[PDB]
Amino acid sequence: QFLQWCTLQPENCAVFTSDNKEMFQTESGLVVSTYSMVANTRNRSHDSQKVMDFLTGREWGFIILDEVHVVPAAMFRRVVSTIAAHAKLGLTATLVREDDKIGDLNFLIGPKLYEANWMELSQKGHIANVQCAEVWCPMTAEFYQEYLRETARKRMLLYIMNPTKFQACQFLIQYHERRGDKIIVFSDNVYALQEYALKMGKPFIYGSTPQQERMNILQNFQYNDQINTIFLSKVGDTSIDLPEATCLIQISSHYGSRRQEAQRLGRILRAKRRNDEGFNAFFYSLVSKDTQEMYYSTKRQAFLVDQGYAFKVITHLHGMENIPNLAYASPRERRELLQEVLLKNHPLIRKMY
Amino acid sequence: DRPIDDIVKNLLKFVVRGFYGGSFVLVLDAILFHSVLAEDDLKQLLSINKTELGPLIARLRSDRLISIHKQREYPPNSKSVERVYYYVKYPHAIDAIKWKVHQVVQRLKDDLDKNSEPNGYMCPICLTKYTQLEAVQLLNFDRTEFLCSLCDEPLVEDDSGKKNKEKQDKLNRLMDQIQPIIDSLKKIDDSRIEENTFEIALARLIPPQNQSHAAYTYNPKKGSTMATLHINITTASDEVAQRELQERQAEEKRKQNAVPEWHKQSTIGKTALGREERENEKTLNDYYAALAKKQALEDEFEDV
Amino acid sequence: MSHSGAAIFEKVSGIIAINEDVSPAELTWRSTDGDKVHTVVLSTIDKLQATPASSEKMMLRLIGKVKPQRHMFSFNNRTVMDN
Amino acid sequence: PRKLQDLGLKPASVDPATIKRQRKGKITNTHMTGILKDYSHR
Ligand SMILES: [Zn+2]
Ligand SMILES: [Zn+2]
């Protein structure tokens, strides 16, 4: 973006990453790096030590702290002290944390300069006009019976994998695929992500998937018309490149993370179809009824309703019974799924060695 | 074809007709007619022998009128040989012709300048020339005759200057004969010559014989470092149907952006989700008739 | 110039010419020694087969209509094939 | 072609080619082997 949007020559720019560690030789210029690279208290390499000495010994005129919500962390806090910068700008979309350290940014960076009105930007077509919703999935009798007499960690996976949520997600995928929408399905539980993807026959992307496979699946999602739904874990929440999507389903979530909830919404906020009249993107938060998932979903949606979004509940989907194939419609299939979820949890001496 | 190509063809034709024999003329005209030839090509067209074309190929290679290509191919009988392809490089050939004629006229001018020098002398016994400068150092005590250094013979006069007018007239008779060549170079110097090569010469190729072992298809190598238009004719009757089909496409576009039923209205009150004209025309035609009476092996495949 | 070029037909060298002025157009092929003359009726041609420029063997195939009629044209220069 | 200019005569020949010239990784989405398509270009 620096090389594209402005008249900055590439010899004035430099990158401080694992692969790239050479610096610009001019008297001034740009360096771009990672928070973990600058704030690495571990034994860094010699070349990285030299580059960090160059960064610390140079008086910088401007620092840009992209995704400034992670600055109040333990030693991510120290990047504003290890770097002597005159001007500090923090750029973010999710200025919330689940602890009280979000208020420490005025001591770290400075006062909140500008709050963007999200609805003013949506009504002017700058961002997509999403239709936020919250589908209530009634938990089945046997799953809820197992849900009450369990610990919280097992309760988590047990309310994520309820078969009514399977049916609701399958119906929503089918309906929005008939509408020709690019759908990104989010679920932080890796096992649930894999199970939903295998049940619905859609590709899934998470942490241990190879990067070339991730790129191939992203290209297929962006271009192949038969690939309109990709399942994503918490990899999609953080700042990675994604194709434009117009529908979103949140199967599971990481507690009441408002930052993650607003980060997931941002992946459908920049769709190309904003210029089309009457276009709306769709946000769905599939949550299981009468569980702690209501509590965590409300805690997550607190930030979005603070922005002004209206989360309309959906306790009924028209056409659930009329869909051809229902995931775990039969009681025996649901019982098998219940059992599966429960069972989830001297050079010559060197020839010796 | 190209008029400049006609000019270079006429220039090579004139130089081979003037400064070369008939066999050279046949070879160069074969190349100028059939653009690229091999040995068997020229042999079949001219009924010439391999040693007979020897001096011809050697002279037109040394004088750069014909270039050679050392491509070997793979015929289906697998009895391949490293055949040679004879063709012409037009700019190199015309530069060689220009250099040759310029050196010819410069050498003739220098010979004319040497003939402008006085006659000098030459001793017939020893057959050695003696310039006028060295004659004075070899004159007799009588100051009457120039005597040889070795033969001691009275020097006789050479003919350096008597033939000077003859050499000038030879230059004049060369100049009007070479005048079409310089006219062709005048027209070429006012134009742009495309630097042809082996690939370029194959574009205007005409094959000479059917069973030619020389496959003119070129084989590039690695390591050597030396659209369609379609129309919709309508009689303005089906175009209304086309507009209706575009309206149907617009309706499909409206259905694509339709709001879902669980978004436009509340779902709380609903249940929870879970598991005869023809004879008329005949009568009018009969009435019109009554009125008228009243007035009365497989390979790669491509979709092209 | 674009309508004429050297070609090989049935392992026999020749010249491909386009008779565009006559209706219907004809792709006549003349042997260099005058042994035979081959012509193609362009009305009864279904589809044209070609080889990519990366392929070493340079071949062009014609497919007729009704056992379909098949013709094979081998060329020597790629620009002649393009035209 | 480079000595005609030394003598004043314009050459039609440019100087020749003698003077101055020049993995497969593992798959995790095994349930759609062949459904996904390769995209080496945009
Ligand atoms: Zn003598
Ligand atoms: Zn060199």
# chains A, B, ... in the order shown; residues from 1 in each chain; ligands from 1
>>> residues_near_ligand(ligand="ligand 1", cutoff="10 Å", atoms="only C-alpha atoms and all ligand atoms", output="ChimeraX atom specification")
/B:122-130,147-155
>>> residues_around(residues="residue 115 in chain B", least_positions_apart="3", cutoff="10 Å", atoms="only C-alpha atoms", output="compact mmCIF listing (two decimals) with C-alpha atoms, in the first residue's frame")
# COMPACT_ATOMS: atom_id res chain seq x y z
CA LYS B 109 41.02 5.38 -58.14
CA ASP B 110 44.23 4.50 -56.27
CA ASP B 111 45.51 2.67 -59.36
CA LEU B 112 44.68 5.81 -61.36
CA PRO B 118 55.57 9.54 -63.95
CA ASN B 119 56.77 6.63 -66.03
CA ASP B 159 54.43 3.05 -69.10
CA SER B 160 53.21 4.74 -65.90
CA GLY B 161 51.19 7.59 -67.38
CA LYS B 162 50.70 6.41 -70.95
CA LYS B 163 47.97 4.05 -69.72
CA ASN B 164 46.63 6.64 -67.26
CA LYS B 165 44.02 7.79 -69.79
CA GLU B 166 43.31 4.10 -70.48
CA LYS B 167 42.73 3.47 -66.76
CA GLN B 168 40.49 6.55 -66.55
>>> atom_distance(atom1="CA of residue 318 in chain A", atom2="CA of residue 165 in chain A")
14.9 Å
>>> closest_residue(among="D:33, D:28, D:13, D:5", to="chain A", atoms="only C-alpha atoms")
D:28
>>> interface_residues(of="chain B", to="chain D", cutoff="6 Å", atoms="only C-alpha atoms", output="list in words")
residues 91, 92 and 193 of chain B
>>> write_last_selection(atoms="N, CA and C atoms", output="mmCIF file, in the first residue's frame")
data_model
loop_
_atom_site.group_PDB
_atom_site.id
_atom_site.type_symbol
_atom_site.label_atom_id
_atom_site.label_comp_id
_atom_site.auth_asym_id
_atom_site.auth_seq_id
_atom_site.Cartn_x
_atom_site.Cartn_y
_atom_site.Cartn_z
ATOM 1 N N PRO B 91 19.975 -7.562 -45.781
ATOM 2 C CA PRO B 91 20.816 -6.406 -45.419
ATOM 3 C C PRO B 91 22.301 -6.724 -45.382
ATOM 4 N N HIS B 92 22.675 -7.919 -44.917
ATOM 5 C CA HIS B 92 24.077 -8.320 -44.943
ATOM 6 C C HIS B 92 24.593 -8.424 -46.372
ATOM 7 N N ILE B 193 15.119 -1.447 -44.660
ATOM 8 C CA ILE B 193 15.311 -2.858 -44.973
ATOM 9 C C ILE B 193 15.093 -3.669 -43.706
#
